[PDB]
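Coming up is one lone chain in structure tokens, specifically the form deposited in one PDB entry.
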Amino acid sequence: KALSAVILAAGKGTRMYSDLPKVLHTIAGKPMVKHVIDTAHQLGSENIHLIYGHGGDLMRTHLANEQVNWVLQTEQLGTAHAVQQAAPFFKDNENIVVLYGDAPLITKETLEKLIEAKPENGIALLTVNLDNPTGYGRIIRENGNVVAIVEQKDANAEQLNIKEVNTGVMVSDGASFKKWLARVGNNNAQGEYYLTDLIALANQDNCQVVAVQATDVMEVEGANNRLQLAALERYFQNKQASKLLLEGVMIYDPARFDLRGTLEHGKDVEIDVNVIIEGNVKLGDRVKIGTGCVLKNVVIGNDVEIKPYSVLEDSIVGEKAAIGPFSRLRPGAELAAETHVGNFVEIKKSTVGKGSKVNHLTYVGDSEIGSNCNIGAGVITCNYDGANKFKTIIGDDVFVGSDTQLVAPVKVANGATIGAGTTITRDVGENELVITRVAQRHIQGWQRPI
């Protein structure tokens, strides 16, 4: 049976004290509403109807490439009225699941179990058990089937002791939503059309409402301020970390590990404390990552060690390379197998060939470096004033002496040797040795002012 989803995303989020609307704030680097859209897509939703309102232009800007139907709410008349704006697009046959863009951790696993429990022409309601259910609408069963949701203020002494509560998440067929939504009224203290009233309208219509319990309460929690958002963040990180650990990734402290994206991993991977993994990252077998490292959108080959406080982005690193500590790889850095990148070294948009070393106090930008080169301490690739970032091409088996400037555009051919302190502006031929002739003045018996 086909499926579609409706996601409520119109709220201002006043208590975030932000210019962003509520659902654009991120969990693990991704907006809360994108978590729900992605979950709804994993379930196999055919359409996703996004009820939006506050921060409308920002929603459109930030979610421009999402495959959703953009349903604009111009006034807050409650959850039933919100869903009814999407109702004309519901297929009579096809289940509709209702979700909330500010409760982002709802799992596919829980939702497909909710969808399974839905009786034909009925409703499946997601519920949760709280130790202190004060403030939340209680589930009343008769027997095993939900007959009513009794709000805090209406509940008698014994109903107040019901620990099972309403989450707001609900599944029913499209024909049934169209029917019941048109019957919902707003005769209550707030004057709003409540989606909760579909439970009453279903029973009044002799239709079955079945309750399904959530696995974790955190998966129905919403974030109304940054403190609550931070609690959803730590729960989500802990759960990502636990999954990786059971898969065999040795994360030394899972409370000091952050994944903000996707991680593919080999076996015997070791990750020390305070590491941040962003975007799409792939790690081969026996990769070791030291403390403080940040990896964003990188592929790391088998048997690579990354030493402490290295920052890597949009880069490729071949097997058996050694990086760090204090290394920086900027976008376009491609390191071949068995390369060495050391402390206080920045590599931007450059390819470095097999076995080559760049171990100290060096900037290599917009370059090609061949295999088994030795790039000395203090070497800098640079440009003329008014230039447009031109290229430095270094061949195989080249020795570049310490504190040499390579002035692009320039080529240094295979087997060349460049002495320390050189300024290289002209192409260097194959097996050419280039030494700087210094002039010095020596003064004997110069007493220092000490």
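Residues carry their position along the shown sequence, with the first being 1. Between two forms, the rigid core is the largest collection of C-alphas that superpose within 1.5 Å.
Same protein, other form: the form deposited in another entry, not shown, and the subject of what follows.
For the residue set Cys207, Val281, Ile251, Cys373, core-aligned C-alpha shifts between the shown form and the other one reach 2 angstroms or more at a single site, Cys207. Core-superposed comparison between the shown form and the other one: the C-alpha position of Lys153 differs by no less than 2 Å. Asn224 is not among the residues whose C-alpha shifts by 2 Å or more between the shown form and the other one once the rigid core is aligned; its shift stays under 2 Å. Once you line up the core between the shown form and the other one, the Cα of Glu264 stays within less than 2 Å of where it was. Pairwise change in the other form: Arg15 and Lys153 C-alpha atoms lie closer than in the shown form, at least 3 Å.
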